[PDB]
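Below you'll find the structure, written out as structure tokens, and then a few comments.
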Amino acid sequence: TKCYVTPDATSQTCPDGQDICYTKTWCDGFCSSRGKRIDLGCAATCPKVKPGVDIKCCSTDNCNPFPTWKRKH
């Protein structure tokens with residue numbers, strides 16, 4: 001499982017991962033503060049130099065409930 005970024009069901013989604021949590025987009029946080037503004041990936045190595053968008057990565061299972069939509073639950 002990983003951490004996803006959509007409340008479609010839960011936070012942690014996409015099993016068969018056993019690797020890392022990757023979610024990225026671009027919007028800093030002034031375009032869609034009521035959606036997501038982030039994308040969903042299940043491990044893909046997150047480089048911090050080449051892209052200019054925002055890319056959060058965390059090796060674990062579910063990471064933290066940072067990318068929320070309505071609250072912090």
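Starting from 1 in every chain, residues are counted up; chains themselves are A, B, ... following the order of the structure tokens, and ligands are numbered from 1 as listed.
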Segment 36-58 of chain A near segment 2-16 of chain A within 10 Å: what's each residue's closest atom pair and its distance in Å to one decimal, counting only C-alpha atoms, ordered by chain then ascending residue number, as a Markdown table?
```
| residue | atom | partner | partner_atom | distance |
| --- | --- | --- | --- | --- |
| A:36 | CA | A:5 | CA | 6.9 |
| A:37 | CA | A:5 | CA | 9.2 |
| A:38 | CA | A:5 | CA | 6.8 |
| A:39 | CA | A:5 | CA | 6.7 |
| A:40 | CA | A:4 | CA | 5.4 |
| A:41 | CA | A:4 | CA | 7.0 |
| A:42 | CA | A:2 | CA | 6.1 |
| A:43 | CA | A:2 | CA | 8.0 |
| A:57 | CA | A:3 | CA | 9.7 |
| A:58 | CA | A:3 | CA | 8.9 |
```
Residues from last step as file, N, CA, C and O atoms, as a PDB file, in the first residue's frame:
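Final file, out.pdb:
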```pdb
ATOM      1  N   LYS A  36      -6.955  18.791  -4.406  1.00  0.00           N
ATOM      2  CA  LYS A  36      -5.797  17.946  -4.127  1.00  0.00           C
ATOM      3  C   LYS A  36      -4.518  18.694  -4.468  1.00  0.00           C
ATOM      4  O   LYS A  36      -3.596  18.884  -3.694  1.00  0.00           O
ATOM      5  N   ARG A  37      -4.544  19.106  -5.750  1.00  0.00           N
ATOM      6  CA  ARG A  37      -3.422  19.864  -6.312  1.00  0.00           C
ATOM      7  C   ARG A  37      -2.176  18.990  -6.495  1.00  0.00           C
ATOM      8  O   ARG A  37      -1.167  19.504  -6.957  1.00  0.00           O
ATOM      9  N   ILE A  38      -2.370  17.684  -6.133  1.00  0.00           N
ATOM     10  CA  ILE A  38      -1.363  16.633  -6.191  1.00  0.00           C
ATOM     11  C   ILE A  38      -1.953  15.463  -6.989  1.00  0.00           C
ATOM     12  O   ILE A  38      -3.170  15.391  -7.183  1.00  0.00           O
ATOM     13  N   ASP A  39      -1.009  14.609  -7.469  1.00  0.00           N
ATOM     14  CA  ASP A  39      -1.207  13.373  -8.272  1.00  0.00           C
ATOM     15  C   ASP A  39      -0.717  12.220  -7.375  1.00  0.00           C
ATOM     16  O   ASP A  39      -0.209  12.412  -6.273  1.00  0.00           O
ATOM     17  N   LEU A  40      -0.955  11.010  -7.877  1.00  0.00           N
ATOM     18  CA  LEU A  40      -0.776   9.774  -7.119  1.00  0.00           C
ATOM     19  C   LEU A  40       0.131   8.814  -7.915  1.00  0.00           C
ATOM     20  O   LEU A  40      -0.079   8.466  -9.067  1.00  0.00           O
ATOM     21  N   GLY A  41       1.116   8.327  -7.152  1.00  0.00           N
ATOM     22  CA  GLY A  41       2.113   7.387  -7.651  1.00  0.00           C
ATOM     23  C   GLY A  41       2.410   6.414  -6.517  1.00  0.00           C
ATOM     24  O   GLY A  41       2.087   6.756  -5.392  1.00  0.00           O
ATOM     25  N   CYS A  42       2.893   5.224  -6.875  1.00  0.00           N
ATOM     26  CA  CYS A  42       3.189   4.077  -6.001  1.00  0.00           C
ATOM     27  C   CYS A  42       4.611   3.684  -6.373  1.00  0.00           C
ATOM     28  O   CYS A  42       4.888   2.879  -7.243  1.00  0.00           O
ATOM     29  N   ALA A  43       5.447   4.510  -5.719  1.00  0.00           N
ATOM     30  CA  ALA A  43       6.881   4.318  -5.785  1.00  0.00           C
ATOM     31  C   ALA A  43       7.384   4.610  -7.197  1.00  0.00           C
ATOM     32  O   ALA A  43       6.988   4.021  -8.182  1.00  0.00           O
ATOM     33  N   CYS A  57       7.750  12.447  -1.532  1.00  0.00           N
ATOM     34  CA  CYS A  57       8.048  11.021  -1.511  1.00  0.00           C
ATOM     35  C   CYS A  57       8.353  10.649  -0.058  1.00  0.00           C
ATOM     36  O   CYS A  57       8.915  11.446   0.691  1.00  0.00           O
ATOM     37  N   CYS A  58       7.956   9.428   0.304  1.00  0.00           N
ATOM     38  CA  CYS A  58       8.234   8.883   1.633  1.00  0.00           C
ATOM     39  C   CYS A  58       8.258   7.339   1.546  1.00  0.00           C
ATOM     40  O   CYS A  58       7.245   6.726   1.254  1.00  0.00           O
TER      41      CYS A  58
END
```
task = Once DSSP has gone over the backbone, tell me which residues of segment 12-62 of chain A are in strand (DSSP E or B), as a list in words.
result =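 Checking each residue of segment 12-62 of chain A, the strand (DSSP E or B) ones are residues 20, 21, 22, 23, 24, 25, 38, 41, 55, 56, 57, 58 and 59 of chain A.
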For N, CA, C and O atoms, I'd like the residues from the last selection saved as an mmCIF file, in the first residue's frame.
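Output below, filename again.cif:
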```cif
data_model
loop_
_atom_site.group_PDB
_atom_site.id
_atom_site.type_symbol
_atom_site.label_atom_id
_atom_site.label_comp_id
_atom_site.auth_asym_id
_atom_site.auth_seq_id
_atom_site.Cartn_x
_atom_site.Cartn_y
_atom_site.Cartn_z
ATOM 1 N N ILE A 20 7.788 2.727 -1.953
ATOM 2 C CA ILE A 20 7.707 4.087 -1.377
ATOM 3 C C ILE A 20 6.354 4.773 -1.724
ATOM 4 O O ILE A 20 5.464 4.208 -2.331
ATOM 5 N N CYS A 21 6.194 6.031 -1.290
ATOM 6 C CA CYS A 21 4.977 6.822 -1.578
ATOM 7 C C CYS A 21 5.371 7.956 -2.487
ATOM 8 O O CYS A 21 6.266 8.672 -2.095
ATOM 9 N N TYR A 22 4.769 8.094 -3.673
ATOM 10 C CA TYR A 22 5.158 9.179 -4.577
ATOM 11 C C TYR A 22 3.868 9.907 -4.944
ATOM 12 O O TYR A 22 2.932 9.280 -5.410
ATOM 13 N N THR A 23 3.802 11.232 -4.723
ATOM 14 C CA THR A 23 2.652 11.979 -5.241
ATOM 15 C C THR A 23 3.186 13.385 -5.683
ATOM 16 O O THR A 23 3.966 13.980 -4.942
ATOM 17 N N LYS A 24 2.819 13.878 -6.891
ATOM 18 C CA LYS A 24 3.352 15.177 -7.316
ATOM 19 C C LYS A 24 2.409 15.883 -8.283
ATOM 20 O O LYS A 24 1.579 15.259 -8.928
ATOM 21 N N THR A 25 2.624 17.207 -8.407
ATOM 22 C CA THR A 25 1.787 17.931 -9.379
ATOM 23 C C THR A 25 2.542 19.132 -9.901
ATOM 24 O O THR A 25 3.192 19.031 -10.917
ATOM 25 N N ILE A 38 -2.370 17.684 -6.133
ATOM 26 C CA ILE A 38 -1.363 16.633 -6.191
ATOM 27 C C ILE A 38 -1.953 15.463 -6.989
ATOM 28 O O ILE A 38 -3.170 15.391 -7.183
ATOM 29 N N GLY A 41 1.116 8.327 -7.152
ATOM 30 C CA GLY A 41 2.113 7.387 -7.651
ATOM 31 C C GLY A 41 2.410 6.414 -6.517
ATOM 32 O O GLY A 41 2.087 6.756 -5.392
ATOM 33 N N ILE A 55 6.859 17.563 -5.482
ATOM 34 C CA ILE A 55 6.901 16.103 -5.402
ATOM 35 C C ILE A 55 7.305 15.663 -3.987
ATOM 36 O O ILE A 55 8.403 15.873 -3.483
ATOM 37 N N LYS A 56 6.337 15.019 -3.353
ATOM 38 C CA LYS A 56 6.517 14.461 -2.026
ATOM 39 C C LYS A 56 6.726 12.956 -2.238
ATOM 40 O O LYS A 56 6.018 12.344 -3.025
ATOM 41 N N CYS A 57 7.750 12.447 -1.532
ATOM 42 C CA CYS A 57 8.048 11.021 -1.511
ATOM 43 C C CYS A 57 8.353 10.649 -0.058
ATOM 44 O O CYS A 57 8.915 11.446 0.691
ATOM 45 N N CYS A 58 7.956 9.428 0.304
ATOM 46 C CA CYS A 58 8.234 8.883 1.633
ATOM 47 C C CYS A 58 8.258 7.339 1.546
ATOM 48 O O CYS A 58 7.245 6.726 1.254
ATOM 49 N N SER A 59 9.427 6.731 1.806
ATOM 50 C CA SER A 59 9.535 5.268 1.889
ATOM 51 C C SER A 59 8.962 4.779 3.231
ATOM 52 O O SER A 59 9.450 5.217 4.276
#
```
query = What is the distance between atom CA of residue 26 of chain A and atom CA of residue 51 of chain A, in Å to one decimal?
reply =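 Taking atom CA of residue 26 of chain A as the start and atom CA of residue 51 of chain A as the end point, the length is 9.3 Å.
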message = So, with only C-alpha atoms as the atoms that count, which of A:19, A:68, A:61, A:32 lies closest to residue 45 of chain A?
response =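 That would be A:19, the residue with the smallest distance to residue 45 of chain A.
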ask   = Any idea what the distance is between atom CA of residue 65 of chain A and atom CA of residue 52 of chain A?
value =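 Taking atom CA of residue 65 of chain A and atom CA of residue 52 of chain A, their separation equals 23.2 Å.
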ask   = Just how far from atom CA of residue 29 of chain A is atom CA of residue 47 of chain A, in Å to one decimal?
value = 20.4 Å
